[PDB]
Amino acid sequence: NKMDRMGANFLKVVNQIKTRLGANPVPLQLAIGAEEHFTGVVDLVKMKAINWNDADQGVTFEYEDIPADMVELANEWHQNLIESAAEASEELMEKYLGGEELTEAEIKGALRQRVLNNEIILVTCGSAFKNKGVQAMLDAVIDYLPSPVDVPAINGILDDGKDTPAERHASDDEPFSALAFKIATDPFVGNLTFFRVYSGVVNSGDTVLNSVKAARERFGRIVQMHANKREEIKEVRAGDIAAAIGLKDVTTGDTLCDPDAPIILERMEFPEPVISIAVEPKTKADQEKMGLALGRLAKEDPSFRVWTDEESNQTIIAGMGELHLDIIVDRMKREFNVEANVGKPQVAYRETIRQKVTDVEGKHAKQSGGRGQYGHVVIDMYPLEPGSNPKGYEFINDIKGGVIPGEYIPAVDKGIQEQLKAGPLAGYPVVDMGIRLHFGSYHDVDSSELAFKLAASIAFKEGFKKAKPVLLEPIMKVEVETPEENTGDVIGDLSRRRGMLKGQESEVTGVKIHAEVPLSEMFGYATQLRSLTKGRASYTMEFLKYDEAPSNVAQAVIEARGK
Amino acid sequence: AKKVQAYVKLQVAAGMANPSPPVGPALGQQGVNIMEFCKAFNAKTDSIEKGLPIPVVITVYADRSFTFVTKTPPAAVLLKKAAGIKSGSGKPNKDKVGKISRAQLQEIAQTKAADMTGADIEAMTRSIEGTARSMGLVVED
Amino acid sequence: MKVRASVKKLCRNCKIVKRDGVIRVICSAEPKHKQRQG
Amino acid sequence: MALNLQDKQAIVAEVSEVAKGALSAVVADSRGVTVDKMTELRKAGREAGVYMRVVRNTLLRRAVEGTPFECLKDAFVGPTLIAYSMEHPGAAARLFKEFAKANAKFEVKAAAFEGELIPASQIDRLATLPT
RNA sequence: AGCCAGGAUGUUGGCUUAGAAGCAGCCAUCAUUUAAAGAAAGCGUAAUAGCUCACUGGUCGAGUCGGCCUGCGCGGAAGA
């Protein structure tokens, strides 16, 4: 498309597709006139040149003779098409070797088989704006692309995988077996599920067993489309795309069929989002009216994940670019009339002591005037290195003096558990921490573990703060695969961020580069990454370690509450 | 086609074979893969270094292989694993900056004079002696 | 172009030329070092 | 500094090593690889001896004025840079062997086997000595 | 002045031990290899590339390069 524009060439585009993507493109067309001399298309099978009519009247064709300005190159790519088509099968090679050209019909069938077997890609030219080449492209659509049955038969599978558990094909007699491939949001009837009937016949209101989601569905209506207008039709048959209305349980990728089970269709794959932000409506009263629209959107779209957050009370969402979330936020404001003003996701700092154990106590008893009974325990604050105990909490007992009551020692660890989860630094769960306990006081009467737990509370909050834990910030393990044009540039951006880096390995089509970056910084990193390499980079962000960094952003929660 | 022109100077020590994991990713494009990830280092470097100072190779061959004129152990790792002392740079002013003896230099020649040469084996001896000594200081033996 | 009244050779490749009574600095490296009047 | 008095010194100081021993050489300035050049002058030392002095202080007229008190035609430094290499051990020693081997193999130029000569007889190498 | 060119394989430096890169922070560390290795100058200096701090022999044959004072000037210097 767009041959009509300045500097537009055809053979250069053909060479581009041949060289870069790795395929083999063959000209089914050659163009008469490059920029504004473009007046029509010459072919290599019909071998006649078509000159379309004037503006918006390109419906006509006016079959005309090939001009001599292009006869030689037309002949060259004609013979090249001829030999490339004869490359399909033997009986097309020798006939040509005998000094005789193949004819339109057999060249067309042979190339069409090449397209079926996915060996070749055919190129047609045109200018959809000057209304030239559209019909001649439809010509190729007809003459070379497989029909539903011309494709190899769909690989259906039973509840167990084999080579051919459910050999299905497009038939009016075959069982109704199709793939629900697209959901859509409709305010009126709730949802609107597209589906492409691979095999069989299904009717309005008829039954269908959701082979994957383990339920039976029904088709309240079956509507084929005019890009929006839902045409009401009775039934849909094999090879005929349609949109089902009202079926509740189904989502994208599911398989809908009769009770005869071509249950397993091969795919359940969709990419992972790369951008994430948080949202908030006009007021925190409408939060369910926001999460509702979010649920509809997350059931409509696979890559877009509504991500309720547990650390904070925000609702963050993940998409695959600044633009995708932008349509989502407006579509939310537009279709679901609740506007959400956005911000960054909160950080996930943490607490743990360096290496040193510090001896500390905390003393307070209760009953001096006849009251209930008390508790008291001595503790020493030993940490482990980040990532030592996979269980974030490890304990070793050393009680020998004032031995706390026999049913109270485990509750002492379980009460320092509360202090761990509390995280007296800024509220954050202390991780890999350990506490060792030595002393206390007791009688052979009913003392109160809660007093030992508060006692242990004072002990924890003093001894930790004075054993000087560390206030860590989330650091993510990053992987980025980008072409060798901007490796240095993307690495430069990363180092300007906080660059901790993993390594380098040359893939077939790029370079394997991993790194370590703070989650406090990776927020909008996706748009910048793609802008630094024209969007030819692949990457995922996942966690590796928590760690410290000199930063005066470390007091936000401390400001909201706590020391 | 030549000697190491993939000079992205970054790797683990000679303990784990040129581990990218400790190399770091500031290296742009060069082609380290499963063809020569563990090709010759773990085969003929067992007398060079295993987990000590090690400048890493960036060498590639001329016939779709990995080959070069290999050399002997690094001098700053031989005259430093035979000296005990791990000094050098960092504390080169008030402390002992590493043990460098004359027999240590002759032995560093004897250990890193396989193909690592200079104007002579004696010139490579002066080489490994500048190695052991210009870390900042020497031992008295 | 900077129009500072005290132009010097701010870099290596910034030279001093005297076009039309005025001393101009023509730098062959960084066009930030184009300063106008002596 | 490449001075006239210090050059009158260094020219005679480089001509004595050929007035007590045998032939020397030079090497121009056109092409030198890193590993090749380093290890190759290295091997020059390791094969001929520690008598490798790549010095270029034999200016095409300074040598013709300081060295040429005998063999006054020594203005053949009208060629490019000079990486000198004499040798004490015999006439046209392993240093001259390095010269002949580096003149055309794995190199740019090694003074094209210009060598030197105390006898400077008719043009013929010394190999009519079977053993 | 213009024309011919050469700066590691000890040295991700012994290195703030993942190097911060054969010439970032950082320490020093000609490290003989010299028409040369500074553990470096502009580009990759967080990476290699081809130009390359530096330096020089080649080329080519009468002047040449910076300062200090100083006579006289120039820009600074835009109104009803």
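Calculation criteria
Residues numbered from 1 in each chain as written, not as in the entry; some residues may be left out. Chains lettered and ligands numbered in written order. Part of a larger assembly, values for the part shown. Heavy atoms only, no water. Residues with missing side-chain atoms left out of burial classes, pairs and counts. Disulfide = S-S within 2.5 Å. Pairing = 2+ DSSP bridges. Helix = DSSP H or I, 4+ residues; strand = E, 2+ residues; numbered from the N terminus. Axes fitted to C-alpha atoms, helices over the stretch in contact; angles between N-to-C directions. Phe/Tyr/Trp six-rings, centres within 6.5 Å; stacked < 30°, edge-to-face > 60°. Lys NZ or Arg CZ within 6 Å of the ring centre and 35° of its normal. Contact = heavy atoms within 4.5 Å. Nonpolar A, V, L, I, M, F, W, Y, C, P; charged D, E, K, R; others polar. Polar contact = N/O pair within 3.5 Å; in protein donor to acceptor, adjacent residues only side chain to side chain. Domains from an automatic or database assignment. Parallel < 35°, antiparallel > 145°, perpendicular 65-115°, else oblique. Left-handed = near helix turned anticlockwise from the far one by under 90°. Expected span 1.5 Å × (residues − 1).

(A) Representation of the state of the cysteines in the model. Residues and elements named next belong to chain C. Linked covalently through their sulfurs, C11 and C14 form a disulfide whose S-S length is 1.8 Å. Since a negative S-S torsion denotes a left-handed disulfide, the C11-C14 link at about 60° is right-handed. Two residues share a disulfide in this structure: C14 and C27, whose sulfurs sit 2.2 Å from each other. Negative torsions about the S-S bond denote left-handed disulfides, and the value of about -50° found for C14 with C27 makes this one left-handed.

(B) Representation of the sheet that holds strand β9 (residues 177-182) of chain A in the model. Residue and element names in this part refer to chain A. Strand order in the open sheet formed by 8 strands is β15-β14-β20-β9-β12-β19-β16-β17, and the pairing between neighbours is antiparallel. Two strands close off the open sheet at either side, each with one partner strand: β15 (215-218) and β17 (229-233). Put simply, the sheet's adjacent strands are angled 40° from each other on average, direction ignored. Of the strand pairs in this sheet, strand β12 (residues 193-199) and strand β19 (residues 241-245) are connected by 4 bridges, and their pairing is antiparallel. Paired with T193 across the strands is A244, a residue of β19.

(C) Main features of the packing of aromatic side chains. Residues and elements named next belong to chain A. Judged by centre distance (6.4 Å) and plane angle (70°), the rings of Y349 and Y428 are edge-to-face. You can see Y349 sitting in the loop between β24 (341-343) and β25 (350-353) and its partner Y428 sitting in the loop between α8 (409-422) and β29 (433-440), a full 79 residues away along the chain. Chaining the aromatic ring pairs together yields one cluster made of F176, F195 and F219. Here the guanidinium or amino end of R196 rests over the ring plane of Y198, the centre of that ring lying 5.1 Å away.

(D) Quick peek at the interface of chain A and chain B. With 12 residues of chain A in contact, the opposing surface of chain B contributes 12 residues. Put simply, the parts of the chain that give the side of chain A that touches chain B at least two residues each are α10 (487-497), β31 (500-507) and β32 (510-518) of chain A. Considering every element that reaches the side of chain A that touches chain B, the biggest residue donor is β31(A), with 6 residues. Residues of the side of chain A that touches chain B, tallied by class, amount to 4 nonpolar, 5 polar and 3 charged.

(E) Layout of the sheet that holds strand β5 (residues 63-64) of chain A. Read across the open sheet, the 4 strands follow the order β2-β3-β4-β5 (chain A); overall the sheet is antiparallel. Whereas interior strands pair on both sides, the edge strands pair on one side only; in this sheet they are β2 (29-32) and β5 of chain A.

(F) Up close: the side chain of A:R114. Turning to its location among the elements, A:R114 is positioned in helix α4 (residues 104-116). From its side chain, A:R114 meets the backbone oxygen of A:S84 in a polar contact 2.5 Å long.

(G) Seen up close, the domain arrangement of chain B. Residue and element names in this part refer to chain B. Domain annotation for chain B reports domain 1 (7-71) and domain 2 (72-140). In this structure, domain 1 and domain 2 have C-alpha centres spaced 23 Å apart. Every contact between the two is made by 6 residues of domain 1 and, on the other side, 7 residues of domain 2. Class assignment for the residues of the side of domain 1 that touches domain 2 results in 3 nonpolar, 2 polar and 1 charged.

(H) Region of interest: the packing of α8(A) against helix α9 (residues 449-467) of chain A. Residues and elements named next belong to chain A. In the contact formed by α8 and α9, the axes pass within 9 Å of each other and the chain directions differ by 45°. Taken together, α8 and α9 sit at an angle that is classed as oblique. The handedness of the crossing between α8 and α9 is right-handed. Packed against α8, whose contacting residues are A411, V412, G415, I416, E418, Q419 and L420, the element α9 presents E449, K453, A456, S457 and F460 at the interface. Its residues assigned to classes, the contact of α8 with α9 comprises 6 nonpolar, 3 polar and 3 charged.

(I) Up close: α4(A). Look at α4(A): 18 Å from first C-alpha to last across 13 residues, which is about the 18 Å you get at 1.5 Å a residue. Positive backbone phi, approximately 65°, marks A:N118, located one or two places after α4(A).

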